file final_30.cif (mmCIF, C-alpha atoms)
data_entry
#
loop_
_atom_site.group_PDB
_atom_site.id
_atom_site.type_symbol
_atom_site.label_atom_id
_atom_site.label_comp_id
_atom_site.auth_asym_id
_atom_site.auth_seq_id
_atom_site.Cartn_x
_atom_site.Cartn_y
_atom_site.Cartn_z
ATOM 1 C CA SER A 1284 2.498 -15.107 61.128
ATOM 2 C CA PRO A 1285 2.610 -17.058 57.806
ATOM 3 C CA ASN A 1286 1.188 -13.951 56.076
ATOM 4 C CA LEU A 1287 3.825 -11.682 57.640
ATOM 5 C CA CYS A 1288 6.001 -10.776 54.656
ATOM 6 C CA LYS A 1289 7.065 -12.101 51.266
ATOM 7 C CA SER A 1290 10.382 -10.246 51.586
ATOM 8 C CA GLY A 1291 11.375 -10.226 47.922
ATOM 9 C CA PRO A 1292 8.662 -8.554 45.841
ATOM 10 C CA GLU A 1293 7.275 -6.091 48.386
ATOM 11 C CA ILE A 1294 10.458 -4.206 49.208
ATOM 12 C CA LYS A 1295 12.262 -2.728 46.216
ATOM 13 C CA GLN A 1296 9.806 -3.784 43.515
ATOM 14 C CA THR A 1297 7.133 -1.577 45.115
ATOM 15 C CA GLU A 1298 8.072 1.560 43.175
ATOM 16 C CA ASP A 1299 7.993 -0.621 40.064
ATOM 17 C CA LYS A 1300 4.555 -1.751 41.238
ATOM 18 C CA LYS A 1301 3.333 1.842 41.410
ATOM 19 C CA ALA A 1302 4.708 2.392 37.912
ATOM 20 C CA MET A 1303 2.787 -0.771 36.977
ATOM 21 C CA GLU A 1304 -0.375 0.750 38.440
ATOM 22 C CA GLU A 1305 0.182 3.784 36.216
ATOM 23 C CA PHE A 1306 0.594 1.295 33.363
ATOM 24 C CA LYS A 1307 -2.782 -0.158 34.340
ATOM 25 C CA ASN A 1308 -4.085 3.391 33.951
ATOM 26 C CA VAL A 1309 -2.655 3.620 30.432
ATOM 27 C CA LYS A 1310 -4.437 0.283 29.981
ATOM 28 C CA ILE A 1311 -7.722 1.741 31.259
ATOM 29 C CA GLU A 1312 -7.257 4.325 28.509
ATOM 30 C CA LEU B 307 8.690 2.792 -41.503
ATOM 31 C CA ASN B 308 5.926 5.316 -42.034
ATOM 32 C CA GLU B 309 3.310 3.837 -39.683
ATOM 33 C CA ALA B 310 5.906 2.814 -37.092
ATOM 34 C CA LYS B 311 7.644 6.200 -37.110
ATOM 35 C CA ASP B 312 4.156 7.730 -36.837
ATOM 36 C CA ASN B 313 2.946 5.613 -33.897
ATOM 37 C CA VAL B 314 6.304 6.001 -32.143
ATOM 38 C CA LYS B 315 6.438 9.772 -32.656
ATOM 39 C CA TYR B 316 3.039 9.962 -30.991
ATOM 40 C CA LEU B 317 4.100 7.755 -28.084
ATOM 41 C CA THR B 318 7.243 9.866 -27.463
ATOM 42 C CA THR B 319 5.382 12.246 -25.119
ATOM 43 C CA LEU B 320 5.683 9.985 -22.085
ATOM 44 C CA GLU B 321 7.315 11.392 -18.948
ATOM 45 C CA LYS B 322 8.878 8.271 -17.467
ATOM 46 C CA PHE B 323 11.076 8.374 -14.392
ATOM 47 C CA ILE B 324 11.946 5.176 -12.590
ATOM 48 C CA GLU B 325 10.930 6.284 -9.127
ATOM 49 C CA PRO B 326 9.024 3.169 -7.931
ATOM 50 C CA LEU B 327 11.780 0.613 -8.537
ATOM 51 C CA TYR B 328 14.314 2.881 -6.791
ATOM 52 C CA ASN B 329 12.051 3.794 -3.866
ATOM 53 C CA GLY B 330 12.912 2.318 -0.484
ATOM 54 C CA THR B 331 10.368 4.158 1.661
ATOM 55 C CA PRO B 332 6.544 4.171 1.479
ATOM 56 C CA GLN B 333 6.705 7.968 1.200
ATOM 57 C CA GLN B 334 8.849 7.564 -1.918
ATOM 58 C CA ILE B 335 6.470 4.958 -3.353
ATOM 59 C CA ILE B 336 3.545 7.314 -2.724
ATOM 60 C CA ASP B 337 5.001 10.524 -4.154
ATOM 61 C CA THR B 338 6.137 8.297 -7.004
ATOM 62 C CA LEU B 339 2.515 7.364 -7.678
ATOM 63 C CA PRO B 340 1.371 11.029 -8.083
ATOM 64 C CA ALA B 341 4.421 11.567 -10.312
ATOM 65 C CA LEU B 342 3.530 8.662 -12.602
ATOM 66 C CA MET B 343 -0.207 9.452 -12.703
ATOM 67 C CA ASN B 344 0.529 13.112 -13.458
ATOM 68 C CA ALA B 345 2.968 12.218 -16.226
ATOM 69 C CA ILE B 346 0.363 9.790 -17.569
ATOM 70 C CA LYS B 347 -2.226 12.515 -18.263
ATOM 71 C CA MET B 348 -0.519 12.855 -21.651
ATOM 72 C CA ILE B 349 -2.731 10.031 -22.924
ATOM 73 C CA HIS B 350 -4.309 12.216 -25.552
ATOM 74 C CA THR B 351 -1.656 13.135 -28.140
ATOM 75 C CA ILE B 352 -0.359 9.540 -28.003
ATOM 76 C CA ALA B 353 -1.292 7.377 -30.980
ATOM 77 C CA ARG B 354 -4.486 5.328 -31.113
ATOM 78 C CA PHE B 355 -2.812 1.954 -31.506
ATOM 79 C CA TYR B 356 0.147 1.884 -29.120
ATOM 80 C CA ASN B 357 -2.194 3.752 -26.745
ATOM 81 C CA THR B 358 -5.119 1.369 -27.297
ATOM 82 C CA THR B 359 -7.411 1.496 -24.268
ATOM 83 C CA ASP B 360 -6.898 -2.221 -23.639
ATOM 84 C CA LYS B 361 -3.141 -1.742 -23.976
ATOM 85 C CA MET B 362 -3.531 1.098 -21.470
ATOM 86 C CA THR B 363 -5.246 -1.304 -19.056
ATOM 87 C CA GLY B 364 -2.377 -3.730 -19.622
ATOM 88 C CA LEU B 365 0.161 -1.017 -18.831
ATOM 89 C CA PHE B 366 -1.947 -0.319 -15.735
ATOM 90 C CA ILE B 367 -1.726 -3.908 -14.505
ATOM 91 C CA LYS B 368 2.003 -3.731 -15.254
ATOM 92 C CA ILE B 369 2.353 -0.521 -13.227
ATOM 93 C CA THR B 370 0.566 -2.328 -10.404
ATOM 94 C CA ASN B 371 2.900 -5.320 -10.775
ATOM 95 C CA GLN B 372 5.918 -3.015 -10.497
ATOM 96 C CA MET B 373 4.166 -1.394 -7.528
ATOM 97 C CA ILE B 374 3.702 -4.776 -5.855
ATOM 98 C CA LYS B 375 7.303 -5.717 -6.611
ATOM 99 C CA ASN B 376 8.366 -2.577 -4.747
ATOM 100 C CA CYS B 377 5.818 -3.301 -2.002
ATOM 101 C CA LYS B 378 7.325 -6.738 -1.416
ATOM 102 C CA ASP B 379 10.807 -5.184 -1.557
ATOM 103 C CA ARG B 380 10.010 -2.647 1.164
ATOM 104 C CA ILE B 381 8.083 -5.221 3.227
ATOM 105 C CA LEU B 382 11.129 -7.511 3.070
ATOM 106 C CA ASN B 383 12.957 -5.053 5.316
ATOM 107 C CA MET B 396 9.760 -7.492 7.865
ATOM 108 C CA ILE B 397 6.607 -6.930 9.896
ATOM 109 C CA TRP B 398 6.227 -10.594 10.866
ATOM 110 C CA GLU B 399 9.435 -10.599 12.938
ATOM 111 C CA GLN B 400 9.399 -6.994 14.138
ATOM 112 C CA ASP B 401 7.248 -5.709 16.984
ATOM 113 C CA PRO B 402 3.789 -4.109 16.599
ATOM 114 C CA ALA B 403 5.362 -0.631 16.192
ATOM 115 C CA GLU B 404 6.908 -0.967 12.730
ATOM 116 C CA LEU B 405 3.775 -2.919 11.850
ATOM 117 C CA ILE B 406 1.582 0.049 12.819
ATOM 118 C CA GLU B 407 3.764 2.425 10.804
ATOM 119 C CA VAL B 408 4.142 0.230 7.704
ATOM 120 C CA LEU B 409 0.480 -0.783 7.718
ATOM 121 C CA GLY B 410 -0.654 2.817 8.033
ATOM 122 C CA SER B 411 1.700 4.003 5.296
ATOM 123 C CA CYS B 412 0.871 1.102 2.971
ATOM 124 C CA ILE B 413 -2.843 1.755 3.417
ATOM 125 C CA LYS B 414 -2.181 5.422 2.625
ATOM 126 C CA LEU B 415 -0.275 4.327 -0.480
ATOM 127 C CA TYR B 416 -3.152 2.055 -1.477
ATOM 128 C CA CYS B 417 -5.673 4.872 -1.069
ATOM 129 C CA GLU B 418 -3.370 7.128 -3.098
ATOM 130 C CA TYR B 419 -3.177 4.475 -5.819
ATOM 131 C CA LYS B 420 -6.941 3.936 -5.751
ATOM 132 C CA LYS B 421 -7.790 7.632 -6.021
ATOM 133 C CA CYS B 422 -5.097 8.639 -8.524
ATOM 134 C CA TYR B 423 -6.054 5.633 -10.641
ATOM 135 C CA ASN B 424 -9.655 6.804 -10.332
ATOM 136 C CA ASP B 425 -8.514 10.120 -11.809
ATOM 137 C CA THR B 426 -6.675 8.146 -14.490
ATOM 138 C CA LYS B 427 -9.922 6.232 -15.065
ATOM 139 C CA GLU B 428 -11.556 9.629 -15.423
ATOM 140 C CA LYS B 429 -9.030 10.034 -18.243
ATOM 141 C CA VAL B 430 -10.040 6.549 -19.460
ATOM 142 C CA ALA B 431 -13.614 7.884 -19.562
ATOM 143 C CA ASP B 432 -12.253 10.928 -21.394
ATOM 144 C CA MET B 433 -10.971 8.528 -24.053
ATOM 145 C CA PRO B 434 -14.326 7.127 -25.307
ATOM 146 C CA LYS B 435 -16.169 10.471 -25.378
ATOM 147 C CA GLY B 436 -14.038 11.252 -28.418
ATOM 148 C CA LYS B 437 -13.388 7.599 -29.296
ATOM 149 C CA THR B 438 -16.784 5.931 -28.810
ATOM 150 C CA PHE B 439 -16.109 4.057 -32.072
ATOM 151 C CA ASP B 440 -14.368 1.241 -30.180
ATOM 152 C CA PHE B 441 -14.383 0.097 -26.565
ATOM 153 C CA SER B 442 -12.109 -2.088 -24.446
ATOM 154 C CA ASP B 443 -14.309 -3.941 -21.948
ATOM 155 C CA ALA B 444 -13.230 -3.914 -18.302
ATOM 156 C CA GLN B 445 -10.598 -6.647 -17.947
ATOM 157 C CA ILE B 446 -10.232 -6.162 -14.195
ATOM 158 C CA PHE B 447 -9.469 -9.738 -13.138
ATOM 159 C CA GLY B 448 -5.720 -9.248 -12.803
ATOM 160 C CA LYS B 449 -3.230 -10.362 -10.185
ATOM 161 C CA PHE B 450 -3.687 -6.958 -8.571
ATOM 162 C CA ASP B 451 -7.215 -7.843 -7.436
ATOM 163 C CA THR B 452 -6.086 -11.084 -5.789
ATOM 164 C CA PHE B 453 -3.072 -9.518 -4.102
ATOM 165 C CA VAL B 454 -5.010 -6.441 -3.001
ATOM 166 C CA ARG B 455 -7.341 -8.900 -1.303
ATOM 167 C CA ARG B 456 -4.154 -10.437 0.111
ATOM 168 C CA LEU B 457 -3.100 -7.024 1.414
ATOM 169 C CA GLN B 458 -6.566 -6.573 2.922
ATOM 170 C CA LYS B 459 -6.039 -9.885 4.709
ATOM 171 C CA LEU B 460 -2.662 -8.656 5.956
ATOM 172 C CA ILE B 461 -4.213 -5.353 7.081
ATOM 173 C CA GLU B 462 -6.993 -7.006 9.081
ATOM 174 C CA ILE B 463 -4.748 -9.773 10.456
ATOM 175 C CA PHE B 464 -2.138 -7.344 11.717
ATOM 176 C CA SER B 465 -4.524 -4.642 12.975
ATOM 177 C CA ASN B 466 -6.420 -7.215 15.023
ATOM 178 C CA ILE B 467 -3.022 -8.473 16.206
ATOM 179 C CA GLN B 468 -2.315 -4.899 17.316
ATOM 180 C CA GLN B 469 -5.559 -4.481 19.236
ATOM 181 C CA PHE B 470 -5.275 -7.960 20.740
ATOM 182 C CA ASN B 471 -1.792 -7.199 22.068
ATOM 183 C CA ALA B 472 -3.105 -4.350 24.224
ATOM 184 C CA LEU B 473 -6.338 -6.193 25.048
ATOM 185 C CA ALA B 474 -4.380 -9.236 26.248
ATOM 186 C CA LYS B 475 -2.248 -6.833 28.266
ATOM 187 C CA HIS B 476 -5.529 -5.736 29.867
ATOM 188 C CA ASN B 477 -7.135 -9.179 30.244
ATOM 189 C CA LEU B 478 -5.003 -11.697 32.096
ATOM 190 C CA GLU B 479 -2.741 -10.707 34.993
ATOM 191 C CA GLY B 480 -0.371 -13.298 33.537
ATOM 192 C CA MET B 481 0.795 -11.074 30.682
ATOM 193 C CA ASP B 482 3.554 -13.427 29.543
#

call {"tool": "encode", "arguments": {"input": "final_30.cif", "output": "structure tokens"}}
result
Amino acid sequence: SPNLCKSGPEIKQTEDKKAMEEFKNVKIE
Amino acid sequence: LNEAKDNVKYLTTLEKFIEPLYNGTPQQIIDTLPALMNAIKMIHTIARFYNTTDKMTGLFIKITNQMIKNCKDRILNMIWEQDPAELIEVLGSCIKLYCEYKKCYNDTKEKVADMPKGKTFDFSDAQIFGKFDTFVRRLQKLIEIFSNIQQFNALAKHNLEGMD
């Protein structure tokens, strides 16, 4: 159970995280 | 009165326009440089003495000092506070201006090699040890410093998950 959820970064920052993954693509380039 | 009126009447054919000192943009400094080095091609009808080849080299170092005055003026408005973007633009444009200066002054030095072919009687040895050499090395230092700063910004954004 300790690894259940972090409850702050996973929820609404996840779309920002996918944008950040696209940023990591721009970085790959 | 005779010799001075003579020498001065031969210097008259100079097409001066104070573009560099009133430029505020690297594009203006550049298209100024073509303007000055195209007006300068009237080296020939000018008089031997006031247009002495060594005095021409002195006027060249003075043109470069005015150029570097304007360069510092435009750089004042600040790549060391502003982000990498204005640095990219200003560095690119200032390198373009330096290449323009180099090549148009190489054409003017083609004119300076035009001079002896008809005036081999006297020569003015190359006195290229001016402030412009030292500060062009300074500008090279700035170019390399800031370009490596540029590339390191992105590379550090790739390296360590702790960007900040």

call {"tool": "interface_residues", "arguments": {"input": "final_30.cif", "of": "chain A", "to": "chain B", "cutoff": "8 Å", "atoms": "all atoms listed in the file", "output": "PyMOL selection string"}}
result
chain A and resi 1307+1310-1311

call {"tool": "residues_near_point", "arguments": {"input": "final_30.cif", "point": "(-7.1, -2.5, -25.8)", "cutoff": "10 Å", "atoms": "all atoms listed in the file", "output": "ChimeraX atom specification"}}
result
/B:354-364,440-445

call {"tool": "atom_distance", "arguments": {"input": "final_30.cif", "atom1": "atom CA of residue B:309", "atom2": "atom CA of residue B:352"}}
result
13.5 Å

call {"tool": "resolve_selection", "arguments": {"input": "final_30.cif", "expression": "the PyMOL selection byres ((chain B and resi 371-400) around 7)", "output": "VMD selection string"}}
result
chain B and resid 326 to 327 330 to 331 367 to 370 401 to 402 404 to 405

call {"tool": "atom_distance", "arguments": {"input": "final_30.cif", "atom1": "atom CA of residue B:426", "atom2": "atom CA of residue B:346"}}
result
7.9 Å

call {"tool": "atom_distance", "arguments": {"input": "final_30.cif", "atom1": "atom CA of residue B:344", "atom2": "atom CA of residue B:439"}}
result
26.6 Å

call {"tool": "axis_aligned_box", "arguments": {"input": "final_30.cif", "around": "stretch 407-425 of chain B", "padding_each_side": "6 Å", "output": "JSON"}}
result
{"center_x": -2.8, "center_y": 4.7, "center_z": -0.5, "size_x": 25.8, "size_y": 22.9, "size_z": 34.6}

call {"tool": "residues_around", "arguments": {"input": "final_30.cif", "residues": "stretch 406-422 of chain B", "least_positions_apart": "3", "cutoff": "8 Å", "atoms": "only C-alpha atoms", "output": "list in words"}}
result
residues 332, 333, 335, 336, 339, 340, 343, 397, 402, 403, 425, 426, 461, 465 and 468 of chain B

call {"tool": "resolve_selection", "arguments": {"input": "final_30.cif", "expression": "the PyMOL selection byres ((chain B and resi 313-322) around 6)", "output": "MDAnalysis selection string"}}
result
chainID B and resid 310:312 323 345 352:353
